[PDB]
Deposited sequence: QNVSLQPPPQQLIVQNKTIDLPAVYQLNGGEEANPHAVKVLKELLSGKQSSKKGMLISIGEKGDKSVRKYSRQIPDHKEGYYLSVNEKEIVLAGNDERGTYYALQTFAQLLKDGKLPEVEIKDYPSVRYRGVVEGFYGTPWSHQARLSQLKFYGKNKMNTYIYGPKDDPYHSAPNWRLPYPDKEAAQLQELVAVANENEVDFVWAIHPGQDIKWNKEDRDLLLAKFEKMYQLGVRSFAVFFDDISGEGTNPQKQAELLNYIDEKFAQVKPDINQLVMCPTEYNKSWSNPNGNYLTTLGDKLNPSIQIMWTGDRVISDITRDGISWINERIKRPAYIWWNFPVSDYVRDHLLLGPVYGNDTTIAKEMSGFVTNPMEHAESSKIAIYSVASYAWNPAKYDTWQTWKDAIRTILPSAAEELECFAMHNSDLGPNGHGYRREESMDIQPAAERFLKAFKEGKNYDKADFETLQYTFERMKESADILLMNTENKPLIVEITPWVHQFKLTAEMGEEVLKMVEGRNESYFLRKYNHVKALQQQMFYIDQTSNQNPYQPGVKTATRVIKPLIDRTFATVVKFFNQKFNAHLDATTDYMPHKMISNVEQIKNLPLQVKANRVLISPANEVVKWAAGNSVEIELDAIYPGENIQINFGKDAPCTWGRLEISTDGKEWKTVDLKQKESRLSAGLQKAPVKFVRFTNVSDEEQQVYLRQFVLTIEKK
């Protein structure tokens, strides 16, 4: 059961899904839930075993009102030989009773059980709020079904790069095509019991005048016409007047008073502050307390923790709550990769204190621009925020992988386990990676480097890893159970497979039959390096972190260091002069050259390019008018026309 229920009593009897059943509650219970139930009961006829579905207050469930948790979205579920009860505290609770029911049903059989359940955190879900290609319409439809199945009740739509979400075209209604698609998203979210929260991000060019105020209002009104019933205003990552607290609070309160309190059915009204984490707060400034004191009590204030990227702690949530005068609505910046875009972040969700549910009013994950890939952290975040006290890091991760790709779980597992760390970055945030084999890697390399014998067991572990990596890469590429997931990760799967092959060859170079066999392996390895460079230069070419990195934390560094090392030993033994560099680089220059898009740079006297190119400019720190260029004699960046 994911998420795990608050309370669970299991019997060790199993009853069959009644061939003949009698349904009590069908026309009075939440239709979404009745719909799931009926699908599960296809080819089953309606005397028979009584099944009771309904919300508190419904005739159908009166007998059980005591049993139904007195919690929003709570429910009571019961299966025995004589009957089934599915009873929500409210309509969404009945739907969630059904989501739990569906997981219990295995082979037309059910365990005898009694469950009392409800969420420990009121708002749980996802904020699509990253920089990068926003999620496709189809990705989104898929996400909303996934959210319902995992009792996530919130989808906050706010992709930084959607021009009708941010400046300047926030002022503009969506075009007809986009609008109809959003209308469809709201309907699907409704059906899966998710609040679609439409966010707008206007602060960068907002004028604090009636005109802009009205435009914002009319935009919200248009969204309402499309079915939206929840709203947010994001003030993150902007500069200027669009960051004045009082003005923000005033705008928020006005939206509240003239809009959220004027429609009959508006649910969530949420604002993300400009100072959105501790380390970006002006120490002793009045930004957060102004918001805390001026914002109407019913307005949620988002927060990403002590740092831009970070895990939520007891001391952290307390620090913020004292200033905003209410429980923070958490915006957790994981697995979002928009600042390390050459990495996938597919590891477990961990790091967030499990005892602070009461201290947060919401918990949403900012995911990767890779939607299907993000379902691993998303399912885990769903599990954590519904029941943080039973949150199990690795078990949920494995459960997510097996839900996403039952046909190749172990392979996805192998792949995700070695694609979890972010590498070095401006936000300082890291994840463990490849911990299973890290000790063996570390012993092997320390010994080898120092001419001290390595343990044969460690050598074999590595070897075994490279082999499993190749099997999972090839099996992943050809998987058709979730094509969109495979499309998203393919570049990295290729890169991952070449990494595994590079490791095998380098290991063979360590064993090293003879002089000629060594050179064969050494040459194979140069070729692989060049192939990795090629993928890194042709796949995923975005402006910020172009390319494709994989197994960066433990595995690549082990292979590279082992290569440099065995080559040095070969050069010594045979008085040779093999090049021991580990990153193929087609240009020539003691710091490593790098190639990013059409820049050729020295890592922070004479460079020689592998060819003549039109020069664009040189930016040095202590234009070329298209002049031909191959050599450059004297930050250190050459841009050329490529």
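From the N-terminus onward, what segments of the deposited sequence lack any C-alpha atom in this model?
Residues missing from the model, as numbered along the full deposited sequence, span 1 to 4, 51 to 52, 596 to 603, 619 to 630, 649 to 682, 695 to 707, 716.
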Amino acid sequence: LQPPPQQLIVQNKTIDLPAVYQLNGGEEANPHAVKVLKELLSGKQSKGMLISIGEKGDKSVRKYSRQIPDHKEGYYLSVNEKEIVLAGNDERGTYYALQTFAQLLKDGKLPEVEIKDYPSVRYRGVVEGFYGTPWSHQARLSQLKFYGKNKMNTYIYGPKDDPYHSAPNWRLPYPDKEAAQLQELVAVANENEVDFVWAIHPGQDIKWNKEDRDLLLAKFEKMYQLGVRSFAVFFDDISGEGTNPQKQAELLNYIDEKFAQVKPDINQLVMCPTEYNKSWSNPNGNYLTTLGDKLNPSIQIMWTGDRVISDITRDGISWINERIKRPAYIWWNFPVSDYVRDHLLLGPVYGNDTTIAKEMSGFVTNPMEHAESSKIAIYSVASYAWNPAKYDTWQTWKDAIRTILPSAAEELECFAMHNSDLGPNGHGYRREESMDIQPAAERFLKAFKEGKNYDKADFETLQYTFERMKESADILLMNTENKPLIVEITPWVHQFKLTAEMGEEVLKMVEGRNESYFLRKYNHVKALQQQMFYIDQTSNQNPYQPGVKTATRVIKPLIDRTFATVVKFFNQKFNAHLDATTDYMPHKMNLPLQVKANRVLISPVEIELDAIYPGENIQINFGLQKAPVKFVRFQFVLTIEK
From here on, numbers count along this sequence of modelled residues.
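Only the largest set of C-alpha atoms that superpose within 1.5 Å between the two forms is called the rigid core.
Higher C-alpha RMS shift from the shown form in 7 other deposited structures of this protein - 275 to 283 or 141 to 149, rigid core fit
Farther on average in 7 other deposited structures of this protein: 275 to 283.
Is residue 46 one of the residues left unmodelled in a third or more of the other entries compared?
Residue 46: unmodelled in a third or more of the comparison entries.
Which is higher in the entry, the mean Cα B factor of 361 to 369 or that of 553 to 561?
Result: 553 to 561.
Mean C-alpha temperature factor, higher of 209 to 217 and 539 to 547:
Result of the comparison: 209 to 217.
Pick out which of 398, 140, 452, 468 has the highest C-alpha B-factor in the PDB entry.
Within the set 398, 140, 452, 468, 452 shows the top C-alpha B-factor.
Relative C-alpha B-factor of residue 431, binned into the chain's lowest, middle or highest third
According to the entry, residue 431 has a C-alpha B-factor in the chain's lowest third.
Please say which third, lowest, middle or highest, residue 223 falls into when its CA temperature factor is compared across its chain.
Residue 223: CA B-factor falls in the lowest third of its chain.
Can you work out whether the C-alpha temperature factor of residue 274 puts it in the lowest, middle or highest third of the chain?
Lowest third of the chain for residue 274's C-alpha B-factor.
According to the PDB entry, is the CA B factor of residue 95 in the bottom, middle or top third of its chain, that is, lowest, middle or highest?
Residue 95: CA B-factor falls in the middle third of its chain.
What third of its chain's C-alpha B-factors does residue 515 belong to: lowest, middle or highest?
It falls in the top third of the chain.
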